[PDB]
Amino acid sequence: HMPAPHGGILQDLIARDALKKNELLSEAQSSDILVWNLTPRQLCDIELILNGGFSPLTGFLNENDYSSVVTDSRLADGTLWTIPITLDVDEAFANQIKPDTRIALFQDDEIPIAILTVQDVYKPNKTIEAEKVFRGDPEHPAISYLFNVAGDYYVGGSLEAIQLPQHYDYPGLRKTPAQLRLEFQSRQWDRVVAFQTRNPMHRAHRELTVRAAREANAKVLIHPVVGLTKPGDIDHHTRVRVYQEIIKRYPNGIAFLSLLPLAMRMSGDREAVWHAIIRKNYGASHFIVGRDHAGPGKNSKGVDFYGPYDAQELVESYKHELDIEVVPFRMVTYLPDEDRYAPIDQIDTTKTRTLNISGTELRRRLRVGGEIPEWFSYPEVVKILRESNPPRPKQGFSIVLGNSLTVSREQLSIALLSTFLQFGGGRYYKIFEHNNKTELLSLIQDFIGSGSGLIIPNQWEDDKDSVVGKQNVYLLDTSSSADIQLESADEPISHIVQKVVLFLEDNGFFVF
Amino acid sequence: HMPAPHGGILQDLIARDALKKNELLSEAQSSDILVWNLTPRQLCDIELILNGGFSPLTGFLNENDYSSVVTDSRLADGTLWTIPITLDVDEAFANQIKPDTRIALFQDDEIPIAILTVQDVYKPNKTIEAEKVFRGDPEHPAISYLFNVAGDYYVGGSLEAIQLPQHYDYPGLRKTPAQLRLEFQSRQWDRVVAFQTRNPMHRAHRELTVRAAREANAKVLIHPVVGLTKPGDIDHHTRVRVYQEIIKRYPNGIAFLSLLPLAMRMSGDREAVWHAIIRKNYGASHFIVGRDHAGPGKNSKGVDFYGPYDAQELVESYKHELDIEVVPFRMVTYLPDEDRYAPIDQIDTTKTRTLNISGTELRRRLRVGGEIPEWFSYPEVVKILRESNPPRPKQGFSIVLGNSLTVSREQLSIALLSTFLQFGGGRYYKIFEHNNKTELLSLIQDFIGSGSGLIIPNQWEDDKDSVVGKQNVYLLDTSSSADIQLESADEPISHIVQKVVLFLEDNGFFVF
Amino acid sequence: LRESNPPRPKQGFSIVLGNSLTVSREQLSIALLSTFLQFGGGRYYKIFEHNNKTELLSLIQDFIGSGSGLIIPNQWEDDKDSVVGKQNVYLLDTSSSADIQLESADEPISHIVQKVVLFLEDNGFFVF
Ligand code: NA
């Protein structure tokens with residue numbers, strides 16, 4: 001039952017180029033070879049290629065495959081493939097390469113990853129890519145990256161592997177497709193259903209998953225993404241701690257945890273098919289496709305990027321060709337009087353109690369510090385989330401003295417500092433003078449991340465608002481754009497202080 | 001019974017220079033008048049002088065009173081006075097002043113405090129002062145300050161009150177002698193026993209104090225020092241929270257808390273007499289002098305700066321002259337089977353079970369996060385100290401990659417960071433590059449104070465060790481001076497990471 | 001009441017291998033036994049062979065009453081269904097009358113085991 005890789009053969013480049021390692025290593029570490037440092041998304045991508053995770057890929061797509069993928073969701077030879085995997089480069093580097101040029105791809109400017117043999121260098125129409133691949137919405141994460149982070153030139157080419165990107169965390173937890181397939185054989189695991197996730201798992205996830213295992217007669221592979229998920233989500237370290245904990249809530253010998261160095265595009269539809277392909281290469285006969293699978297969410301005008309079922313239908317439409325089975329996850333609700341989750345479909349809310357916790361409410365219960373029902377998520381998991389996302393009483397913040405203020409900045413700072421220290425509780429306070437220095441402005445969010453309260457005497461230049469981070473940063477000024485608005489610019493310091501103290505207290509930072 | 005100020009009349013200068021405030025304020029901020037920025041200690045002293053708390057002083061001591069104080073612990077006119085209150089200025093400033101010169105004393109370079117009418121300017125023999133006043137031992141906190149911080153030119157002169165130094169914390173809690181006496185009169189309080197302290201109060205302190213009140217038929221005045229105590233101690237904020245909490249464990253209408261802006265010299269012997277005088281001016285008829293009162297402790301060779309009972313004996317020998325009663329606090333111990341503290345005197349240690357917790361064992365339990373008995377310190381009090389002095393798992397730290405390391409600094413830091421993030425526990429981690437900059441080195445301790453873990457890629461110049469701070473800062477090197485010593489200079493990174501992890505785990509920072 | 005009528009986690013049960021099964025009864029039993037022992041919690045497990053003996057069939061409900069999990073290799077004769085007691089007794093077979101229904105009679109033992117484990121887990125006997 002274990003699926004053959006996509007395209008019939010596991011492109012384990014690490015294993016195929018084993019004997020030539022030192023040979024490739026040297027060439028890569030020679031001063032005669034042109035060097036290109038891989039960006040974060042590229043590092044995740046290249047790992048899956050050398051890995052065989054992106055079978056049948058063997059390098060970054062050339063214009064021929066890239067175009068076929070963009071317009072037909074297939075490689076030039078017809079193989080289903082929905083996400084363009086290209087090596088984006090800038091004009092400068094582009095002008096130093098031509099077909100057959102040998103490039104060395106490094107990590108952190110010092111670790112030899114692989115040797116790339118160019119065969120194509122083109123300047124893709126990002127308008128068409130954004131439209132045909134990511135549905136053209138300018139706010140879509142992939143399209144934003146496409147235009148502001150991705151180089152404007154793609155470099156098609158074949159790769160020869162030196163070593164997979166270096167990782168120092170979760171060793172042996174990042175099993176390659178070959179290792180996973182071998183692990184499944186050790187356990188005599190025939191049928192395996194894989195679960196995609198870039199989020200923490202709660203009881204519902206544990207139940208829906210065990211259910212899939214039961215109905216599909218397969219074992220469970222919890223395959224969390226730890227490379228790059230949606231921008232601004234929970235760090236993977238925290239998620240992995242949650243996974244390692246929830247894995248213990250499954251009957252013994254039913255589930256296995258393994259991390260996927262994937263860099264998502266949040267391209268729902270196509271991404272789902274891409275996900276099915278990837279797990280297939282990793283050895284899964286079944287793939288769970290959730291509601292709005294890999295969906296960013298809603299845009300500015302509240303419009304959804306993808307339809308709630310777009311992903312499940314797309315994968316379902318290609319499953320026979322992919323030779324995998326799709327396990328659709330229907331929306332579910334909790335029935336208190338039975339202590340069980342059930343498909344919304346079969347519930348008459350008119351004659352049955354139902355409980356549900358939205359992501360917003362959860363984010364709120366972690367901000368406020370309120371209890372989280374044990375039926376929604378396991379105790380151990382909630383504790384883990386509580387540590388990473390502390391309630392406002394344990395959160396850091398920053399109070400910036402507006403430019404409109406005329407009071408003694410030094411005195412107001414001393415006054416605020418002295419005042420905050422009366423409340424105590426654990427938070428460390430500091431009058432922070434940056435002097436419009438980037439080396440110091442870059443530390444603001446670090447102190448806030450540490451729960452520290454910073455009193456900042458002056459504002460920084462607008463051409464640096466990007467160096468800081470708006471999170472928990474409040475402006476004290478007379479302007480209508482301030483978070484703490486003073487009626488005048490020459491108010492008594494005690495007047496000003498009280499306004500700030502009560503503001504913070506109202507926002508939950510101080511508790512008495 | 002309420003004593004008369006020391007000298008006969010309370011020198012509440014603020015009250016005698018009221019009808020001259022605007023006038024004096026003008027002169028202060030005038031352009032002609034010479035200005036001097038009051039040092040932190042000078043602020044605490046000047047506040048007590050203008051306050052009346054230092055009666056009969058009416059300004060800083062001149063060479064006449066000073067020498068008298070130094071040799072015979074009295075002022076020129078005989079009046080008892082053991083600690084030399086003088087205005088220490090640098091050479092340069094001394095040469096711009098002559099007798100009759102009027103000076104404007106400012107706080108933080110912008111607040112008019114008082115006008116000083118110079119009477120004397122001299123360069124005291126600090127070798128004699130350190131000897132006759134503080135006993136000579138160079139490691140004595142007062143003698144160290146005397147030479148390394150105090151100016152070399154004392155400026156004697158009278159003072160005219162503008163306003164007492166500004167405080168934004170604990171307003172109305174810092175009552176003046178005039179205010180306290182009024183507060184006492186309002187409560188029909190005649191006999192008052194004052195309790196001095198620069199440390200947290202535990203059940204023992206509550207019991208000894210209540211017992212004192214009972215024996216002397218007096219009310220209790222908890223008079224903590226909030227100015228400057230012993231180098232490196234518990235900030236007054238934490239202590240005030242402790243005081244306000246324990247003050248509630250007294251019978252209603254028995255005790256009263258008030259803060260004393262005193263800058264202690266930790267001059268045990270003399271300072272106790274000085275404290276009795278100060279407390280006398282504040283309206284206290286009784287003063288508690290404890291074992292090694294205002295004592296620095298032990299020097300290098302483990303030799304005590306003062307004798308356990310030197311302070312009690314000295315004040316006791318001047319009490320008749322001071323016109324105040326001395327209340328000696330005898331060493332006590334806890335009796336489990338009787339749930340009460342009793343003097344070590346009447347306790348048959350042989351036939352009686354006794355419990356005691358040293359200041360060191362308390363320090364240890366707070367570092368470890370161990371339990372602290374209820375009989376030793378009130379729960380609310382422990383809570384406060386725990387939050388101010390977090391145990392190792394909640395403590396911050398720094399691992400400085402030594403100079404002898406030949407390994408990649410970029411890769412070792414990255415490996416430490418990703419490894420640390422696996423553990424979780426609320427701590428924020430950061431790779432900190434200072435580039436030998438002071439603006440950055442000064443933040444290291446702020447981060448550690450915030451519970452953060454810093455990974456420092458390079459050591460900082462020797463000429464800047466004084467800018468950092470030893471606390472929880474460990475060096476990873478090969479030298480025998482390293483905190484985490486490495487066998488060789490080019491050990492595998494994984495090998496290094498483990499040595500560091502297990503070191504931090506053995507030291508409490510990590511718990512599993 | 002909680003002591004006399006324990007919740008499913010502390011309740012005994014019995015899994016009888018249907019007559020339609022073609023798998024190695026000895027192996028399936030060993031497999032189930034070994035598997036149940038991984039979960040633990042307090043329940044005592046036992047492969048129980050009655051050999052259609054009334055003296056032994058009369059003990060089935062006694063073991064269940066003791067919270068024990070019994071793995072029974074074969075079914076007994078219908079003219080004895082009255083000697084046992086249906087309480088917490090589940091049949092593993094292909095027939096539509098079975099409590100745990102297999103799609104085929106020659107399924108992999110690991111296939112069969114998982115079906116039984118998840119059945120019991122769904123019925124509250126195993127808690128993780
Ligand atoms: Na990137």
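First residue shown is number 1, and so on along the chain.
Looking at the header, which is where the method is noted, we find X-ray crystallography, 2.3 Å.
Placed from the backbone N, Cα and C atoms, the Cβ positions cover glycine too.
Residues annotated as active site in Swiss-Prot: A:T197, A:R198, A:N199. Residues or ranges marked as ATP binding site by Swiss-Prot: A:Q196, A:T197, A:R198, A:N199, A:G290, A:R291, A:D292, A:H293, A:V332. Here Swiss-Prot flags A:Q196, A:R198, A:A294 as sulfate binding site. Per Swiss-Prot, the feature region 'N-terminal' maps to A:2-168. The region 'Catalytic' annotation in Swiss-Prot covers A:169-394, and the record cites sequence analysis as its basis. What Swiss-Prot lists as region 'Required for oligomerization' is A:395-512. Among the features that Swiss-Prot reports, site 'Transition state stabilizer' is placed at A:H202, A:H205. Swiss-Prot lists A:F329 with the feature site 'Induces change in substrate recognition on ATP binding'.
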According to DSSP, how is the region 'Required for oligomerization' (A:395-512) divided among helix, strand and coil residues?
46 helix, 19 strand, 53 coil
Residues that sit under 8 angstroms from A:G290 (ATP binding site) by C-beta distance, when 6+ apart in the chain:
A:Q196, A:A311, A:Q312, A:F329
Going by C-alpha positions, which of the recorded positions (A:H205, A:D292, A:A294, A:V332) is nearest A:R198 (active site)?
A:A294
Check A:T197 (active site) against DSSP and tell me helix, strand or coil, would you?
strand
Counting every protein chain present, what is the number of Cβ atoms, excluding its own, within 10 Å of the Cβ of A:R198 (active site)?
20
Tell me which residues of the chain lie with their Cβ under 8 angstroms from that of A:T197 (active site), as long as they are six or more apart in sequence?
A:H205, A:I222, A:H223, A:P224, A:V225, A:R239
CB contacts for A:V332 (ATP binding site) [other CB atoms within 10 A, all chains]:
21
Could you check which of the binding-site residues A:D292, A:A294, A:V332 is the closest Cα neighbour of A:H202 (site 'Transition state stabilizer')?
A:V332
Helix, strand or coil at A:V332 (ATP binding site), per DSSP?
strand
Go through A:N199, A:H202, A:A294, A:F329, the listed recorded positions, and name the one with the sparsest Cβ surroundings, counting other Cβ atoms within 10 Å.
A:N199
Of all the binding-site residues given, namely A:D292, A:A294, A:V332, which is spatially nearest to A:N199 (active site) at the Cα level?
A:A294
According to DSSP, which kind of secondary structure is A:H205 (site 'Transition state stabilizer') found in, if we only use helix, strand and coil?
helix
Counting other CB atoms within 10 A of each CB, which of the recorded positions A:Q196, A:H205 comes out lowest?
A:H205
